[PDB]
$ cat input22.tsv   # TSV, N, CA and C atoms and all ligand atoms
chain	number	residue	atom	x	y	z
A	1	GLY	N	-104.54	-51.39	-51.93
A	1	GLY	CA	-103.82	-51.55	-50.63
A	1	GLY	C	-102.45	-50.90	-50.61
A	2	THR	N	-101.73	-51.19	-49.55
A	2	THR	CA	-100.47	-50.52	-49.29
A	2	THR	C	-99.24	-51.22	-49.89
A	3	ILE	N	-99.39	-52.47	-50.35
A	3	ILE	CA	-98.38	-53.19	-51.14
A	3	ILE	C	-99.01	-53.55	-52.49
A	4	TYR	N	-98.19	-53.82	-53.49
A	4	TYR	CA	-98.66	-54.14	-54.80
A	4	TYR	C	-97.62	-55.02	-55.49
A	5	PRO	N	-98.02	-56.19	-56.01
A	5	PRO	CA	-97.08	-57.06	-56.68
A	5	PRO	C	-96.57	-56.46	-57.96
A	6	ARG	N	-95.28	-56.67	-58.25
A	6	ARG	CA	-94.72	-56.26	-59.52
A	6	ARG	C	-95.40	-56.92	-60.71
A	7	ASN	N	-95.88	-58.14	-60.56
A	7	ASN	CA	-96.58	-58.92	-61.63
A	7	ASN	C	-97.84	-59.63	-61.13
A	8	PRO	N	-99.02	-58.92	-61.15
A	8	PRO	CA	-100.25	-59.47	-60.60
A	8	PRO	C	-100.73	-60.77	-61.24
A	9	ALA	N	-100.42	-60.91	-62.50
A	9	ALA	CA	-100.81	-62.05	-63.29
A	9	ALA	C	-100.08	-63.30	-62.79
A	10	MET	N	-98.94	-63.11	-62.12
A	10	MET	CA	-98.21	-64.23	-61.54
A	10	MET	C	-98.40	-64.36	-60.08
A	11	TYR	N	-99.45	-63.66	-59.65
A	11	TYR	CA	-99.89	-63.76	-58.31
A	11	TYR	C	-100.16	-65.21	-57.88
A	12	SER	N	-100.73	-65.98	-58.81
A	12	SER	CA	-101.08	-67.37	-58.68
A	12	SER	C	-99.87	-68.33	-58.79
A	13	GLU	N	-99.73	-69.22	-57.82
A	13	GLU	CA	-98.69	-70.29	-57.90
A	13	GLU	C	-98.84	-71.17	-59.13
A	14	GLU	N	-100.08	-71.51	-59.52
A	14	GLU	CA	-100.28	-72.32	-60.72
A	14	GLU	C	-99.83	-71.57	-61.96
A	15	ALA	N	-100.04	-70.26	-61.99
A	15	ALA	CA	-99.61	-69.46	-63.16
A	15	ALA	C	-98.09	-69.46	-63.17
A	16	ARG	N	-97.49	-69.38	-61.99
A	16	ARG	CA	-96.01	-69.40	-61.94
A	16	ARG	C	-95.50	-70.74	-62.38
A	17	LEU	N	-96.10	-71.83	-61.96
A	17	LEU	CA	-95.66	-73.14	-62.32
A	17	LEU	C	-95.72	-73.34	-63.83
A	18	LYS	N	-96.78	-72.90	-64.49
A	18	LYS	CA	-96.88	-73.01	-65.94
A	18	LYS	C	-95.75	-72.30	-66.72
A	19	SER	N	-95.22	-71.24	-66.13
A	19	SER	CA	-94.17	-70.45	-66.82
A	19	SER	C	-92.94	-71.26	-67.06
A	20	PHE	N	-92.79	-72.40	-66.37
A	20	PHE	CA	-91.60	-73.24	-66.52
A	20	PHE	C	-91.67	-74.32	-67.63
A	21	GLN	N	-92.69	-74.24	-68.49
A	21	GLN	CA	-92.79	-75.15	-69.63
A	21	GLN	C	-91.47	-75.38	-70.36
A	22	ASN	N	-90.75	-74.30	-70.62
A	22	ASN	CA	-89.49	-74.38	-71.42
A	22	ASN	C	-88.27	-74.06	-70.55
A	23	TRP	N	-88.37	-74.27	-69.24
A	23	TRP	CA	-87.22	-74.19	-68.34
A	23	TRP	C	-86.11	-75.11	-68.89
A	24	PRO	N	-84.86	-74.62	-68.96
A	24	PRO	CA	-83.84	-75.42	-69.64
A	24	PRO	C	-83.42	-76.62	-68.89
A	25	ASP	N	-82.92	-77.60	-69.63
A	25	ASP	CA	-82.60	-78.86	-69.01
A	25	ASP	C	-81.40	-78.84	-68.11
A	26	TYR	N	-80.54	-77.82	-68.24
A	26	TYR	CA	-79.37	-77.70	-67.34
A	26	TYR	C	-79.76	-77.04	-66.01
A	27	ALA	N	-80.97	-76.49	-65.95
A	27	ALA	CA	-81.32	-75.72	-64.74
A	27	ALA	C	-81.81	-76.69	-63.66
A	28	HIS	N	-81.06	-76.83	-62.58
A	28	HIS	CA	-81.30	-77.96	-61.68
A	28	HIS	C	-82.44	-77.77	-60.69
A	29	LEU	N	-82.80	-76.50	-60.36
A	29	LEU	CA	-83.90	-76.29	-59.41
A	29	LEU	C	-85.19	-76.65	-60.11
A	30	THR	N	-86.09	-77.22	-59.33
A	30	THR	CA	-87.41	-77.59	-59.88
A	30	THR	C	-88.37	-76.41	-59.97
A	31	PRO	N	-89.20	-76.41	-61.03
A	31	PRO	CA	-90.30	-75.49	-61.09
A	31	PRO	C	-91.15	-75.47	-59.80
A	32	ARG	N	-91.41	-76.63	-59.21
A	32	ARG	CA	-92.17	-76.70	-57.98
A	32	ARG	C	-91.57	-75.83	-56.90
A	33	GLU	N	-90.27	-75.99	-56.68
A	33	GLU	CA	-89.60	-75.25	-55.62
A	33	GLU	C	-89.59	-73.73	-55.92
A	34	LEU	N	-89.28	-73.37	-57.19
A	34	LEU	CA	-89.15	-72.00	-57.57
A	34	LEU	C	-90.51	-71.27	-57.48
A	35	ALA	N	-91.54	-71.88	-58.07
A	35	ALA	CA	-92.89	-71.28	-58.00
A	35	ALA	C	-93.38	-71.09	-56.56
A	36	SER	N	-93.03	-72.05	-55.70
A	36	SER	CA	-93.45	-71.94	-54.28
A	36	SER	C	-92.82	-70.78	-53.56
A	37	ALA	N	-91.57	-70.43	-53.97
A	37	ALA	CA	-90.89	-69.28	-53.43
A	37	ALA	C	-91.24	-67.98	-54.14
A	38	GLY	N	-92.32	-67.93	-54.94
A	38	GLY	CA	-92.75	-66.73	-55.59
A	38	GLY	C	-92.21	-66.41	-56.97
A	39	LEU	N	-91.41	-67.35	-57.49
A	39	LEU	CA	-90.62	-67.08	-58.69
A	39	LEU	C	-91.26	-67.72	-59.91
A	40	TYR	N	-91.14	-67.03	-61.04
A	40	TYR	CA	-91.61	-67.51	-62.31
A	40	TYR	C	-90.49	-67.30	-63.38
A	41	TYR	N	-90.59	-68.06	-64.45
A	41	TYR	CA	-89.54	-68.07	-65.47
A	41	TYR	C	-89.72	-66.88	-66.39
A	42	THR	N	-88.62	-66.14	-66.59
A	42	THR	CA	-88.65	-64.97	-67.50
A	42	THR	C	-88.47	-65.37	-68.97
A	43	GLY	N	-88.17	-66.63	-69.25
A	43	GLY	CA	-87.97	-67.07	-70.64
A	43	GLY	C	-86.53	-66.90	-71.15
A	44	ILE	N	-85.63	-66.37	-70.32
A	44	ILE	CA	-84.21	-66.10	-70.70
A	44	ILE	C	-83.31	-66.91	-69.78
A	45	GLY	N	-82.50	-67.81	-70.35
A	45	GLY	CA	-81.51	-68.51	-69.55
A	45	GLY	C	-82.16	-69.29	-68.39
A	46	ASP	N	-81.52	-69.22	-67.23
A	46	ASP	CA	-82.13	-69.78	-66.01
A	46	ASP	C	-82.64	-68.64	-65.11
A	47	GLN	N	-83.03	-67.51	-65.72
A	47	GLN	CA	-83.42	-66.31	-65.00
A	47	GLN	C	-84.89	-66.38	-64.61
A	48	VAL	N	-85.13	-66.24	-63.31
A	48	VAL	CA	-86.53	-66.18	-62.78
A	48	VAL	C	-86.72	-64.82	-62.14
A	49	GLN	N	-88.01	-64.52	-61.87
A	49	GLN	CA	-88.37	-63.26	-61.26
A	49	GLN	C	-89.48	-63.47	-60.23
A	50	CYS	N	-89.46	-62.66	-59.20
A	50	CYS	CA	-90.49	-62.71	-58.15
A	50	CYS	C	-91.72	-61.87	-58.54
A	51	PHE	N	-92.93	-62.48	-58.47
A	51	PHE	CA	-94.14	-61.77	-58.78
A	51	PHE	C	-94.39	-60.60	-57.84
A	52	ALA	N	-93.88	-60.67	-56.61
A	52	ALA	CA	-94.15	-59.72	-55.56
A	52	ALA	C	-93.20	-58.55	-55.63
A	53	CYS	N	-91.89	-58.80	-55.38
A	53	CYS	CA	-90.90	-57.71	-55.28
A	53	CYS	C	-90.31	-57.36	-56.65
A	54	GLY	N	-90.47	-58.24	-57.63
A	54	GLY	CA	-89.88	-58.05	-58.96
A	54	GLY	C	-88.38	-58.36	-59.06
A	55	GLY	N	-87.74	-58.83	-58.01
A	55	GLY	CA	-86.34	-59.22	-58.06
A	55	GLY	C	-86.15	-60.37	-59.01
A	56	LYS	N	-84.94	-60.40	-59.64
A	56	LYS	CA	-84.60	-61.44	-60.58
A	56	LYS	C	-83.36	-62.18	-60.10
A	57	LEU	N	-83.36	-63.50	-60.35
A	57	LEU	CA	-82.29	-64.39	-59.96
A	57	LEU	C	-81.90	-65.26	-61.12
A	58	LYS	N	-80.57	-65.42	-61.31
A	58	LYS	CA	-80.04	-66.27	-62.40
A	58	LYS	C	-78.71	-66.84	-61.95
A	59	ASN	N	-78.18	-67.70	-62.82
A	59	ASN	CA	-76.93	-68.42	-62.60
A	59	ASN	C	-76.94	-69.15	-61.27
A	60	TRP	N	-77.95	-70.01	-61.14
A	60	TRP	CA	-78.09	-70.81	-59.96
A	60	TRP	C	-76.94	-71.80	-59.78
A	61	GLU	N	-76.59	-72.08	-58.53
A	61	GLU	CA	-75.41	-72.92	-58.21
A	61	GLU	C	-75.81	-74.11	-57.38
A	62	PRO	N	-74.98	-75.17	-57.37
A	62	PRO	CA	-75.41	-76.36	-56.63
A	62	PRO	C	-75.51	-76.05	-55.12
A	63	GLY	N	-76.54	-76.57	-54.48
A	63	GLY	CA	-76.76	-76.28	-53.10
A	63	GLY	C	-77.63	-75.05	-52.88
A	64	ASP	N	-77.85	-74.23	-53.93
A	64	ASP	CA	-78.77	-73.07	-53.84
A	64	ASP	C	-80.18	-73.61	-53.57
A	65	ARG	N	-80.91	-72.93	-52.68
A	65	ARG	CA	-82.32	-73.16	-52.51
A	65	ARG	C	-83.08	-71.89	-52.94
A	66	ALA	N	-84.27	-72.08	-53.49
A	66	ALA	CA	-85.02	-70.94	-53.97
A	66	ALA	C	-85.38	-69.90	-52.89
A	67	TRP	N	-85.91	-70.34	-51.75
A	67	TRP	CA	-86.28	-69.41	-50.71
A	67	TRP	C	-85.07	-68.71	-50.11
A	68	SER	N	-83.99	-69.42	-49.82
A	68	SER	CA	-82.84	-68.75	-49.21
A	68	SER	C	-82.17	-67.78	-50.20
A	69	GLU	N	-82.08	-68.10	-51.49
A	69	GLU	CA	-81.59	-67.11	-52.44
A	69	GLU	C	-82.50	-65.90	-52.57
A	70	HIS	N	-83.81	-66.14	-52.56
A	70	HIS	CA	-84.77	-65.05	-52.62
A	70	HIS	C	-84.60	-64.14	-51.39
A	71	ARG	N	-84.52	-64.73	-50.21
A	71	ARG	CA	-84.43	-63.93	-48.97
A	71	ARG	C	-83.08	-63.27	-48.90
A	72	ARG	N	-82.00	-63.90	-49.39
A	72	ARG	CA	-80.66	-63.30	-49.29
A	72	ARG	C	-80.56	-62.05	-50.12
A	73	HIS	N	-81.09	-62.13	-51.33
A	73	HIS	CA	-80.99	-60.99	-52.23
A	73	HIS	C	-82.04	-59.93	-52.07
A	74	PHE	N	-83.24	-60.37	-51.69
A	74	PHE	CA	-84.41	-59.48	-51.62
A	74	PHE	C	-85.12	-59.67	-50.27
A	75	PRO	N	-84.45	-59.28	-49.20
A	75	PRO	CA	-84.99	-59.59	-47.89
A	75	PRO	C	-86.22	-58.79	-47.52
A	76	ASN	N	-86.48	-57.67	-48.18
A	76	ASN	CA	-87.61	-56.83	-47.87
A	76	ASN	C	-88.83	-57.10	-48.75
A	77	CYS	N	-88.79	-58.18	-49.49
A	77	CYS	CA	-89.93	-58.60	-50.29
A	77	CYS	C	-91.14	-59.00	-49.45
A	78	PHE	N	-92.33	-58.50	-49.79
A	78	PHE	CA	-93.51	-58.87	-48.96
A	78	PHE	C	-93.80	-60.35	-49.01
A	79	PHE	N	-93.42	-61.04	-50.08
A	79	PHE	CA	-93.67	-62.48	-50.13
A	79	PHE	C	-92.71	-63.22	-49.17
A	80	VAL	N	-91.44	-62.81	-49.18
A	80	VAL	CA	-90.47	-63.28	-48.24
A	80	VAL	C	-90.89	-63.05	-46.80
A	81	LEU	N	-91.37	-61.87	-46.51
A	81	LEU	CA	-91.71	-61.44	-45.17
A	81	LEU	C	-93.09	-61.90	-44.69
A	82	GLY	N	-93.86	-62.53	-45.58
A	82	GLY	CA	-95.24	-63.01	-45.32
A	82	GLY	C	-95.24	-64.51	-45.15
A	83	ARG	N	-94.07	-65.13	-45.37
A	83	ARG	CA	-93.91	-66.58	-45.52
A	83	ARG	C	-94.26	-67.29	-44.23
B	1	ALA	N	-77.10	-68.05	-56.37
B	1	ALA	CA	-77.55	-67.33	-57.56
B	1	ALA	C	-77.08	-65.87	-57.42
B	2	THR	N	-77.21	-65.19	-58.53
B	2	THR	CA	-76.92	-63.76	-58.65
B	2	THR	C	-78.19	-62.93	-58.95
B	3	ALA	N	-78.24	-61.72	-58.37
B	3	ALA	CA	-79.39	-60.82	-58.60
B	3	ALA	C	-79.16	-60.21	-59.95
B	4	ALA	N	-80.16	-60.32	-60.81
B	4	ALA	CA	-80.02	-60.09	-62.23
B	4	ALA	C	-80.69	-58.77	-62.58
C	1	ZN	ZN	-89.70	-61.27	-53.92
$ encode --input "input22.tsv" --output "structure tokens"
Amino acid sequence: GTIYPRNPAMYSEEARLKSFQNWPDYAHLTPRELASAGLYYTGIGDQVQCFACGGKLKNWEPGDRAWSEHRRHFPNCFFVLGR
Amino acid sequence: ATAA
């Protein structure tokens, strides 16, 4: 097709949710929320990545929401725009 | 967050 995910293997929300097994205890956003917004854990710090656009987000702050940070930084992502 |  005319779009292609940066990480097909994380195409699945369940696969994204599993990536948070070792999400650090200081990281306040939930795996549930992050996986739902297309994001999976890269294994480094609190850094996640979008399966679709491949954008990465880290150093989350209080009051941050996963979808609004995803859309703010990567507004042309097909997952963002398909929501 | 910051774009990494
Ligand atoms: Zn994205």
$ residues_near_ligand --input "input22.tsv" --ligand "ligand ZN 1 (chain C)" --cutoff "6.5 Å" --atoms "only N, CA and C atoms and all ligand atoms" --output "ChimeraX atom specification"
/A:38,50-55,70,74,77-80
$ write_last_selection --input "input22.tsv" --atoms "N, CA and C atoms" --output "mmCIF file, in the frame of the given file"
data_model
loop_
_atom_site.group_PDB
_atom_site.id
_atom_site.type_symbol
_atom_site.label_atom_id
_atom_site.label_comp_id
_atom_site.auth_asym_id
_atom_site.auth_seq_id
_atom_site.Cartn_x
_atom_site.Cartn_y
_atom_site.Cartn_z
ATOM 1 N N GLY A 38 -92.320 -67.930 -54.940
ATOM 2 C CA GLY A 38 -92.750 -66.730 -55.590
ATOM 3 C C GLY A 38 -92.210 -66.410 -56.970
ATOM 4 N N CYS A 50 -89.460 -62.660 -59.200
ATOM 5 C CA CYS A 50 -90.490 -62.710 -58.150
ATOM 6 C C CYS A 50 -91.720 -61.870 -58.540
ATOM 7 N N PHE A 51 -92.930 -62.480 -58.470
ATOM 8 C CA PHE A 51 -94.140 -61.770 -58.780
ATOM 9 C C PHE A 51 -94.390 -60.600 -57.840
ATOM 10 N N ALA A 52 -93.880 -60.670 -56.610
ATOM 11 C CA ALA A 52 -94.150 -59.720 -55.560
ATOM 12 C C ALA A 52 -93.200 -58.550 -55.630
ATOM 13 N N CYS A 53 -91.890 -58.800 -55.380
ATOM 14 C CA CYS A 53 -90.900 -57.710 -55.280
ATOM 15 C C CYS A 53 -90.310 -57.360 -56.650
ATOM 16 N N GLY A 54 -90.470 -58.240 -57.630
ATOM 17 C CA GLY A 54 -89.880 -58.050 -58.960
ATOM 18 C C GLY A 54 -88.380 -58.360 -59.060
ATOM 19 N N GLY A 55 -87.740 -58.830 -58.010
ATOM 20 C CA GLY A 55 -86.340 -59.220 -58.060
ATOM 21 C C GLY A 55 -86.150 -60.370 -59.010
ATOM 22 N N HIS A 70 -83.810 -66.140 -52.560
ATOM 23 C CA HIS A 70 -84.770 -65.050 -52.620
ATOM 24 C C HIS A 70 -84.600 -64.140 -51.390
ATOM 25 N N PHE A 74 -83.240 -60.370 -51.690
ATOM 26 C CA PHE A 74 -84.410 -59.480 -51.620
ATOM 27 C C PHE A 74 -85.120 -59.670 -50.270
ATOM 28 N N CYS A 77 -88.790 -58.180 -49.490
ATOM 29 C CA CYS A 77 -89.930 -58.600 -50.290
ATOM 30 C C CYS A 77 -91.140 -59.000 -49.450
ATOM 31 N N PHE A 78 -92.330 -58.500 -49.790
ATOM 32 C CA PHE A 78 -93.510 -58.870 -48.960
ATOM 33 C C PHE A 78 -93.800 -60.350 -49.010
ATOM 34 N N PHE A 79 -93.420 -61.040 -50.080
ATOM 35 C CA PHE A 79 -93.670 -62.480 -50.130
ATOM 36 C C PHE A 79 -92.710 -63.220 -49.170
ATOM 37 N N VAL A 80 -91.440 -62.810 -49.180
ATOM 38 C CA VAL A 80 -90.470 -63.280 -48.240
ATOM 39 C C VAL A 80 -90.890 -63.050 -46.800
#
$ closest_residue --input "input22.tsv" --among "A:6, A:41, A:82, A:65" --to "residue A:22" --atoms "all atoms listed in the file"
A:41
$ axis_aligned_box --input "input22.tsv" --around "chain B" --padding-each-side "3 Å" --output "JSON"
{"center_x": -78.8, "center_y": -63.4, "center_z": -59.5, "size_x": 9.8, "size_y": 15.3, "size_z": 12.2}
$ atom_distance --input "input22.tsv" --atom1 "atom N of residue A:58" --atom2 "atom C of residue A:25"
15.1 Å
$ closest_residue --input "input22.tsv" --among "A:83, A:18, A:72, A:28" --to "residue B:3" --atoms "only C-alpha atoms"
A:72
$ closest_residue --input "input22.tsv" --among "A:81, A:61, A:36, A:76" --to "chain B" --atoms "all atoms listed in the file"
A:61
$ atom_distance --input "input22.tsv" --atom1 "atom N of residue A:4" --atom2 "atom C of residue A:69"
19.8 Å
$ atom_distance --input "input22.tsv" --atom1 "atom CA of residue A:20" --atom2 "atom CA of residue A:46"
10.1 Å
$ interface_residues --input "input22.tsv" --of "chain A" --to "chain B" --cutoff "6 Å" --atoms "only C-alpha atoms" --output "list in words"
residues 56, 57, 58, 59 and 60 of chain A
$ residues_around --input "input22.tsv" --residues "residue A:67" --least-positions-apart "4" --cutoff "7 Å" --atoms "only N, CA and C atoms" --output "compact mmCIF listing (two decimals) with N, CA and C atoms, in the frame of the given file"
# COMPACT_ATOMS: atom_id res chain seq x y z
N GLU A 33 -90.27 -75.99 -56.68
CA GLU A 33 -89.60 -75.25 -55.62
C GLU A 33 -89.59 -73.73 -55.92
N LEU A 34 -89.28 -73.37 -57.19
CA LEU A 34 -89.15 -72.00 -57.57
C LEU A 34 -90.51 -71.27 -57.48
N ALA A 37 -91.57 -70.43 -53.97
CA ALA A 37 -90.89 -69.28 -53.43
C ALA A 37 -91.24 -67.98 -54.14
N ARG A 71 -84.52 -64.73 -50.21
CA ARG A 71 -84.43 -63.93 -48.97
C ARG A 71 -83.08 -63.27 -48.90
N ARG A 72 -82.00 -63.90 -49.39
CA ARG A 72 -80.66 -63.30 -49.29
C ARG A 72 -80.56 -62.05 -50.12
$ select_by_dssp --input "input22.tsv" --residues "chain A" --states "helix (DSSP H, G or I)" --output "list in words"
residues 8, 9, 10, 13, 14, 15, 16, 17, 18, 31, 32, 33, 34, 35, 36, 66, 67, 68, 69, 70, 71, 72, 73, 78, 79, 80 and 81 of chain A
$ select_by_dssp --input "input22.tsv" --residues "chain A" --states "strand (DSSP E)" --output "compact mmCIF listing (two decimals) with N, CA and C atoms, in the coordinates of the input"
# COMPACT_ATOMS: atom_id res chain seq x y z
N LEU A 39 -91.41 -67.35 -57.49
CA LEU A 39 -90.62 -67.08 -58.69
C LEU A 39 -91.26 -67.72 -59.91
N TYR A 40 -91.14 -67.03 -61.04
CA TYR A 40 -91.61 -67.51 -62.31
C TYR A 40 -90.49 -67.30 -63.38
N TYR A 41 -90.59 -68.06 -64.45
CA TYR A 41 -89.54 -68.07 -65.47
C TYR A 41 -89.72 -66.88 -66.39
N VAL A 48 -85.13 -66.24 -63.31
CA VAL A 48 -86.53 -66.18 -62.78
C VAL A 48 -86.72 -64.82 -62.14
N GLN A 49 -88.01 -64.52 -61.87
CA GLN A 49 -88.37 -63.26 -61.26
C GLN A 49 -89.48 -63.47 -60.23
N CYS A 50 -89.46 -62.66 -59.20
CA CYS A 50 -90.49 -62.71 -58.15
C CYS A 50 -91.72 -61.87 -58.54
N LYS A 56 -84.94 -60.40 -59.64
CA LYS A 56 -84.60 -61.44 -60.58
C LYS A 56 -83.36 -62.18 -60.10
N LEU A 57 -83.36 -63.50 -60.35
CA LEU A 57 -82.29 -64.39 -59.96
C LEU A 57 -81.90 -65.26 -61.12
N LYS A 58 -80.57 -65.42 -61.31
CA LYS A 58 -80.04 -66.27 -62.40
C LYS A 58 -78.71 -66.84 -61.95
